[PDB]
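The structure appears right after this line, and notes come after that.
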Ligand SMILES: OCCOCCOCCOCCOCCOCCOCCOCCOCCOCCOCCOCCOCCO
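Residue numbers (the deposited numbering): 3 to 261, 274 to 364.
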């Protein structure tokens, strides 16, 4: 009865937001309330330097997609070109690191159910980049604390410190791929110095408000709270997917995607991050746990949902990694943490 629809609108990021809040969500919410459409969600993605808003919805009626297109044209005005903004960019049913084919329904469920939150977040911070960054800081800090008790017990013991290790691992992992790691880190560190006195007490307060991460979270800011309870509601189903052999974390290469003696001539000393990589390299158990423990795999899938949510809110790579870096540094200084020492202490229990 219902047919899967998929519409992509290739316009600048800021225009995607206007269309979403002023044209697309009111139309699609109305269509849902009338039963013309079953449900909908949106993604924001990019192909070849052409950002686009994706609207995905199941509807019996061909009119819904057509009404959407025609009202998008009315909103933007005759300035943009209709024959260029609707170039179809095909939906990926097998997104990297999102659980594989068997995980698609759960991800689409999650996106549908968090679409009101995403829209409310955009509306509350419309035209206010600093407020939207603060909102993102809030739910990212809380997510690392909330997920910690669902980790394998040998890392779940860390509590909120497992949030620190997570954001640090994400940042340092990307440092291994880039052209100038030391120059890029220096710029992030410069940014932390400017914001340290604001970030550290904000972070400690969020962690305190997350002290019972299984509870009602009544002191957490409203938008973060809604994010946390919804993601946490999905954790059992994330865990069940892996436990039952259905979910797998992988990437897929696309169609036709091919795949001196410093120790002596030294006079700059060891980087502090080198101690951290040595720590991981020496901890075989930790390595296996990250790759194969099903509670960790479920955590990584919730991690991917969190990253997708940043992207649905319009945070591009630079902003996302700034947030990860700022959070990690603030954890590190506020609680006097030693990542190498924490990594070294992860051992099998019993
Ligand atoms: O790695 C290379 C990245 O470079 C970009 C590669 O190509 C870009 C492709 O475009 C996609 C842009 O959109 C981003 C959408 O994200 C896709 C899904 O991401 C997969 C997983 O991301 C891991 C990074 O997570 C950041 C958010 O972290 C949330 C906090 O997690 C809490 C704890 O999670 C792990 C538990 O760790 C315990 C300690 O070890």
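Where is the CB? At the ideal position from N, CA and C, for every residue including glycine.
Spatial neighbours of residue i in its chain, beta-carbon cut-off 7 Å, leaving aside the 5 residues before and after
{"i": "residue 297", "result": "357, 358, 360"}
{"i": "residue 73", "result": "25, 29"}
{"i": "residue 203", "result": "none"}
{"i": "residue 325", "result": "46"}
{"i": "residue 223", "result": "140"}
{"i": "residue 137", "result": "123, 127, 225"}
Proximity test, residue i beta-carbon vs ligand 1 heavy atom, cut-off 8 Å
{"i": "residue 59", "result": "no"}
{"i": "residue 230", "result": "no"}
{"i": "residue 94", "result": "no"}
{"i": "residue 161", "result": "no"}
{"i": "residue 331", "result": "yes"}
{"i": "residue 169", "result": "yes"}
{"i": "residue 241", "result": "no"}
{"i": "residue 18", "result": "no"}
{"i": "residue 185", "result": "no"}
{"i": "residue 321", "result": "yes"}
{"i": "residue 301", "result": "no"}
{"i": "residue 99", "result": "yes"}
{"i": "residue 313", "result": "yes"}
{"i": "residue 316", "result": "yes"}
{"i": "residue 342", "result": "no"}
{"i": "residue 176", "result": "yes"}
{"i": "residue 123", "result": "no"}
{"i": "residue 294", "result": "no"}
{"i": "residue 146", "result": "yes"}
{"i": "residue 129", "result": "no"}
{"i": "residue 334", "result": "yes"}
Proximal residues to residue i (C-beta, below 8 Å), its chain only, five neighbours per side dropped
{"i": "residue 115", "result": "232"}
{"i": "residue 351", "result": "163, 166, 345"}
{"i": "residue 292", "result": "354"}
{"i": "residue 121", "result": "22, 23, 27"}
{"i": "residue 299", "result": "156, 360, 361, 362"}
Residue i classed as buried or exposed, judged by whether at least 16 other C-beta atoms fall within 10 angstroms
{"i": "residue 322", "result": "buried"}
{"i": "residue 98", "result": "exposed"}
{"i": "residue 140", "result": "buried"}
{"i": "residue 33", "result": "buried"}
{"i": "residue 89", "result": "exposed"}
{"i": "residue 217", "result": "exposed"}
{"i": "residue 260", "result": "exposed"}
{"i": "residue 105", "result": "buried"}
{"i": "residue 332", "result": "exposed"}
{"i": "residue 243", "result": "buried"}
{"i": "residue 288", "result": "exposed"}
{"i": "residue 188", "result": "exposed"}
{"i": "residue 301", "result": "exposed"}
{"i": "residue 192", "result": "exposed"}
{"i": "residue 328", "result": "buried"}
{"i": "residue 276", "result": "exposed"}
{"i": "residue 174", "result": "buried"}
{"i": "residue 343", "result": "buried"}
{"i": "residue 117", "result": "buried"}
{"i": "residue 335", "result": "buried"}
{"i": "residue 278", "result": "exposed"}
{"i": "residue 168", "result": "buried"}
C-beta contact flag for residue i and residue j at 9 Å
{"i": "residue 57", "j": "residue 7", "result": "yes"}
{"i": "residue 341", "j": "residue 146", "result": "yes"}
{"i": "residue 78", "j": "residue 87", "result": "yes"}
{"i": "residue 363", "j": "residue 155", "result": "yes"}
{"i": "residue 152", "j": "residue 16", "result": "no"}
{"i": "residue 251", "j": "residue 315", "result": "yes"}
{"i": "residue 101", "j": "residue 240", "result": "yes"}
{"i": "residue 215", "j": "residue 234", "result": "yes"}
{"i": "residue 109", "j": "residue 339", "result": "no"}
{"i": "residue 4", "j": "residue 49", "result": "no"}
{"i": "residue 230", "j": "residue 303", "result": "no"}
{"i": "residue 205", "j": "residue 143", "result": "yes"}
{"i": "residue 228", "j": "residue 119", "result": "yes"}
{"i": "residue 112", "j": "residue 236", "result": "yes"}
{"i": "residue 158", "j": "residue 68", "result": "no"}
Contacts around residue i, its chain only, beta-carbon distance under 6 Å, and the 5 residues preceding and following it disregarded
{"i": "residue 134", "result": "127"}
{"i": "residue 93", "result": "8"}
{"i": "residue 53", "result": "15"}
{"i": "residue 60", "result": "4, 6, 40"}
Heavy atom of ligand 3 within 8 Å of residue i beta-carbon
{"i": "residue 355", "result": "Absence of ligand 3 from the depicted structure is noted, with ligand 1 being the only ligands included."}
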